[PDB]
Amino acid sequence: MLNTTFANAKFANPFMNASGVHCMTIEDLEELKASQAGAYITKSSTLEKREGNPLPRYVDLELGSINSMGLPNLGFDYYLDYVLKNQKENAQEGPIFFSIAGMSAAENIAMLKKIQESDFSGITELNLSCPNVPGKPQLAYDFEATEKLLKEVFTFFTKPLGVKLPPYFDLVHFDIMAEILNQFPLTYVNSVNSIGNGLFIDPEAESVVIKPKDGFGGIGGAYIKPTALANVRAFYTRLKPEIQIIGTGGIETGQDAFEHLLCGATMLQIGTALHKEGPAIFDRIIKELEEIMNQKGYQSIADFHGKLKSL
């Protein structure tokens, strides 16, 4: 019942891991391949391997999570080499997603050039929103810089490309971003990355809970679902139909998934919940969503996709 068509490809279901969660190593990736996830994406990579920020840098919270990982990853070449080899095995339905988060415009262009020249036939996700890199603000909050980068990207990148965006909180910002994005042959928009620079405090110790950036980190989980749903819906009613949407944020139950789909998301990514539960979450949430559909008499996501009703 969850069969999904996205980026002109077929997926068994819309569920995926969110970049950064359970996708650091080849072992992690193979575990996602073995799970019931409809598709999976690699950890955002940089040209060179990164150790990331000092620990502790991730903490589970009652209402979600907080983190400042600092883009730890095994490097662009590691992930490219992996996806290229798996591609040749045709051992999975649906292409693999490849996330990149260059430390600079030049690095992003360099990696995109390499992907374009390689035989990679999967999907690429350009991360314009990492909120945990010291001294490096979220690019997608600089509309001018974002448009400038994308224009250069599309002068050469012809393969499927999506952009991971930070959350927006003003309708005019959605209008501005949509106008910018609609001018490009983008495959999709992924809303949203973590709510940036939040803070969690241990009242007993009177201190923060993560070491980097004086305790400031990206917030995920139940805390951000209202924002995530709003972003998915706001872009759904503004983006040209050629640009599909991946919904990310606060997805833990079939009900949460149902809500994102009702808003307009086609694919769904799970971050915090997956970090806590492991790959087994996919089998659980798929069953929860199917139960909701069965109760409503729905046999396909098309029966309710994007049909959220206004009052």
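The numbering used is simple: start at 1 and walk along the sequence shown.
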property: Per the entry, higher mean C-alpha B factor between 13 to 21 and 283 to 291; result: 283 to 291
property: Residue stretch of maximal mean CA temperature factor, 95 to 103 vs 212 to 220; result: 95 to 103
property: Options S194, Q183, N190, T124 - largest CA temperature factor per the record; result: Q183
property: Highest-ranked of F200, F235, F169, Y141 once sorted by CA temperature factor in the record; result: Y141
property: Chain-relative CA temperature factor third for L47; result: highest
property: Relative C-alpha B-factor of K225, binned into the chain's lowest, middle or highest third; result: lowest
property: Where the record places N231 (Cα B-factor, split into thirds across the chain); result: lowest
property: Entry-reported Cα temperature factor of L165, expressed as the chain third it lands in; result: lowest
property: Third of the chain, ranked by Cα B-factor, where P56 sits; result: middle
